[PDB]
Amino acid sequence: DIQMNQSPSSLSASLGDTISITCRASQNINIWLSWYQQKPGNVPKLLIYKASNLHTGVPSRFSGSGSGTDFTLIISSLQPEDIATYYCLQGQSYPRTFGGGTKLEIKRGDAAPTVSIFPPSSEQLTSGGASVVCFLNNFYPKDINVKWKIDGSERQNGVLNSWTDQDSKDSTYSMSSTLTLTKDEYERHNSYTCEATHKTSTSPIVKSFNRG
Amino acid sequence: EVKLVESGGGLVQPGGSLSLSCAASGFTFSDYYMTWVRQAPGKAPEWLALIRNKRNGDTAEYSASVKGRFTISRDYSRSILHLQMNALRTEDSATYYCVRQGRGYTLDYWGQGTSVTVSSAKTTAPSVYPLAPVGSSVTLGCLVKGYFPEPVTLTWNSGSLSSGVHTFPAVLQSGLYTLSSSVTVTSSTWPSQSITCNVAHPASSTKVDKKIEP
């Protein structure tokens, strides 16, 4: 089996930049290498075939090269619509194998997350049916930490986290965190706090409310 | 122009079977090798199987991950590509794609995909709870909890309110999925104006609206 090693697993760049993505085959695959683009929510699209041949609908800013085991995809003058994940594929031997992929992100100034906390809705409270939600929105860079405290005490049990892909409008990331309790336990406590720890500060951003 | 349309996906028990089919058009079915590829959410594509044409033996190739469990075949008389999926496992859950191989052994054209979910959990309508704040700008939210399987569709004001929205991917917790969405508007915008959360879940014929009230 031929293994395809694709470097820059993740690549941060700026619009207009010239960037390159690499593909190393653990075995000579001649010219049988193609490149694909996949936008979030969409199906992969063929960019380059036979290592260096531009597919019919692909702009000239896309070019590929290489023979044997080393291949490179170059995007000159990065555009907003180019922000996506890129994969290489060897078509010489079975099984057919893809590269690990390269996820493009746009660089921007560091941003602290806007934090909002939400007590259980009355509907869920009838019942029952208790979920507390906290949004950590529009922050940069990617990594972020969330901590839940109930009446001071750290709670990790029934926590559910989700993360958005890079926002296309402002290049920021967001996170949703839902703490689910039983109606009974929720009503035995008062203070509920959501703490966000981001790169932008050694001090966590705290949001909370009283009564439950 | 080349077109591929797959069908036959859905929810199936672990160990169960599923029969996928791909309708090919706009090209000569017999002239091209055909393949099946799948992709799990947040993963790289995974090639599954290739079948040659009549001139080249009509023989097949499989990935080790599905070998023996998945069978690829073709119906020349209707230009249909088949994938028989037996002994399904939870990690087989993904979007399945009918894909053509063009010149230079190149998987050139892809289909839209058919979704397959392998789980013991049963279909379940979502709940959907509005999320009102505890100025300048205000952040509202919408919580969609306890549904199965994927997916659901969430909009704000029927899609008219698309700016300042953060819709988070669904996360499984059993059992059941949870999905959330937030919308941030000018403080003078709400509650002076009406913002409603629209959720739809076809697998349960769920179609619910939840207005965010202060």
# chains A, B, ... in the order shown; residues from 1 in each chain; ligands from 1
>>> interface_residues(of="chain B", to="chain A", cutoff="9 Å", atoms="only C-alpha atoms", output="ChimeraX atom specification")
/B:43-49,61-64,97,103-113,127-134,139-141,143,166-173,178-182
>>> write_last_selection(atoms="C-alpha atoms", output="CSV table (one decimal), in the first residue's frame")
chain,number,residue,atom,x,y,z
B,43,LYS,CA,-12.2,13.5,7.8
B,44,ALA,CA,-10.3,13.0,4.6
B,45,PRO,CA,-12.1,11.2,1.8
B,46,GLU,CA,-11.7,7.4,1.8
B,47,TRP,CA,-11.6,5.4,-1.5
B,48,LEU,CA,-13.6,2.3,-1.1
B,49,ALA,CA,-14.0,0.4,-4.4
B,61,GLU,CA,-10.8,-3.5,-6.3
B,62,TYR,CA,-11.5,-2.8,-2.6
B,63,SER,CA,-10.0,-1.0,0.3
B,64,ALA,CA,-9.1,-3.3,3.2
B,97,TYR,CA,-20.1,9.3,-3.2
B,103,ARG,CA,-7.9,9.8,-18.1
B,104,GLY,CA,-4.6,9.3,-16.2
B,105,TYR,CA,-6.3,7.2,-13.6
B,106,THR,CA,-8.0,10.4,-12.3
B,107,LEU,CA,-11.2,10.5,-10.1
B,108,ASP,CA,-12.5,13.5,-12.0
B,109,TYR,CA,-16.3,13.7,-11.4
B,110,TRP,CA,-18.1,13.3,-8.1
B,111,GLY,CA,-21.8,12.9,-7.2
B,112,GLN,CA,-23.8,14.9,-4.7
B,113,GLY,CA,-23.6,12.0,-2.1
B,127,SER,CA,-37.1,19.9,21.1
B,128,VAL,CA,-35.9,23.4,20.1
B,129,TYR,CA,-35.6,25.9,22.9
B,130,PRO,CA,-35.3,29.7,22.5
B,131,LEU,CA,-32.4,31.4,24.2
B,132,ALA,CA,-33.0,34.9,25.6
B,133,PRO,CA,-30.3,37.1,27.4
B,134,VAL,CA,-29.8,36.9,31.2
B,139,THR,CA,-26.7,38.0,21.5
B,140,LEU,CA,-29.6,35.6,21.1
B,141,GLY,CA,-29.5,31.8,20.7
B,143,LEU,CA,-30.9,25.2,21.2
B,166,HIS,CA,-23.0,31.3,14.3
B,167,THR,CA,-24.5,27.8,13.6
B,168,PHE,CA,-22.5,25.1,15.3
B,169,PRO,CA,-22.1,21.5,14.0
B,170,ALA,CA,-24.2,18.9,15.7
B,171,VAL,CA,-22.7,16.8,18.4
B,172,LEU,CA,-23.8,13.3,19.5
B,173,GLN,CA,-24.1,12.5,23.2
B,178,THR,CA,-27.4,18.5,20.0
B,179,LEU,CA,-27.1,21.5,17.7
B,180,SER,CA,-27.0,25.2,18.6
B,181,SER,CA,-27.0,28.6,16.9
B,182,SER,CA,-26.5,32.2,17.9
>>> select_by_dssp(residues="region 15-186 of chain A", states="strand (DSSP E or B)", output="ChimeraX atom specification")
/A:19-25,33-38,45-49,53-54,62-67,70-75,85-90,97-98,102-106,111,114-118,129-140,144-150,153-155,159-163,173-182
>>> residues_around(residues="region 183-190 of chain B", least_positions_apart="6", cutoff="10 Å", atoms="only C-alpha atoms", output="VMD selection string")
(chain A and resid 137) or (chain B and resid 135 to 142 156 161 to 167 197 212 to 214)
>>> atom_distance(atom1="CA of residue 23 (chain A)", atom2="CA of residue 84 (chain A)")
16.8 Å
>>> atom_distance(atom1="CA of residue 125 (chain B)", atom2="CA of residue 14 (chain B)")
21.3 Å
>>> atom_distance(atom1="CA of residue 107 (chain A)", atom2="CA of residue 18 (chain A)")
13.7 Å
>>> residues_around(residues="region 1-16 of chain A", least_positions_apart="2", cutoff="6 Å", atoms="only C-alpha atoms", output="list in words")
residues 22, 23, 24, 25, 26, 27, 77, 78, 79, 99, 100, 102, 103, 104, 105, 106 and 107 of chain A
>>> write_last_selection(atoms="C-alpha atoms", output="PDB file, in the first residue's frame")
ATOM      1  CA  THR A  22       3.295  19.189  -0.655  1.00  0.00           C
ATOM      2  CA  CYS A  23       2.635  15.534  -1.236  1.00  0.00           C
ATOM      3  CA  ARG A  24       5.215  12.747  -0.608  1.00  0.00           C
ATOM      4  CA  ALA A  25       4.438   9.210  -1.799  1.00  0.00           C
ATOM      5  CA  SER A  26       6.100   6.328   0.060  1.00  0.00           C
ATOM      6  CA  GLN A  27       6.540   4.763  -3.378  1.00  0.00           C
ATOM      7  CA  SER A  77      -2.372  35.126  -5.188  1.00  0.00           C
ATOM      8  CA  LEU A  78      -4.652  33.413  -2.656  1.00  0.00           C
ATOM      9  CA  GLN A  79      -8.313  34.421  -2.991  1.00  0.00           C
ATOM     10  CA  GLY A  99      -3.178  12.608   1.401  1.00  0.00           C
ATOM     11  CA  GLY A 100      -4.091  13.747   4.904  1.00  0.00           C
ATOM     12  CA  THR A 102      -4.244  20.723   4.044  1.00  0.00           C
ATOM     13  CA  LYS A 103      -6.671  23.141   5.694  1.00  0.00           C
ATOM     14  CA  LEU A 104      -6.243  26.792   4.713  1.00  0.00           C
ATOM     15  CA  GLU A 105      -7.037  29.561   7.186  1.00  0.00           C
ATOM     16  CA  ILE A 106      -6.686  33.332   6.873  1.00  0.00           C
ATOM     17  CA  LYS A 107      -4.395  35.224   9.243  1.00  0.00           C
TER      18      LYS A 107
END
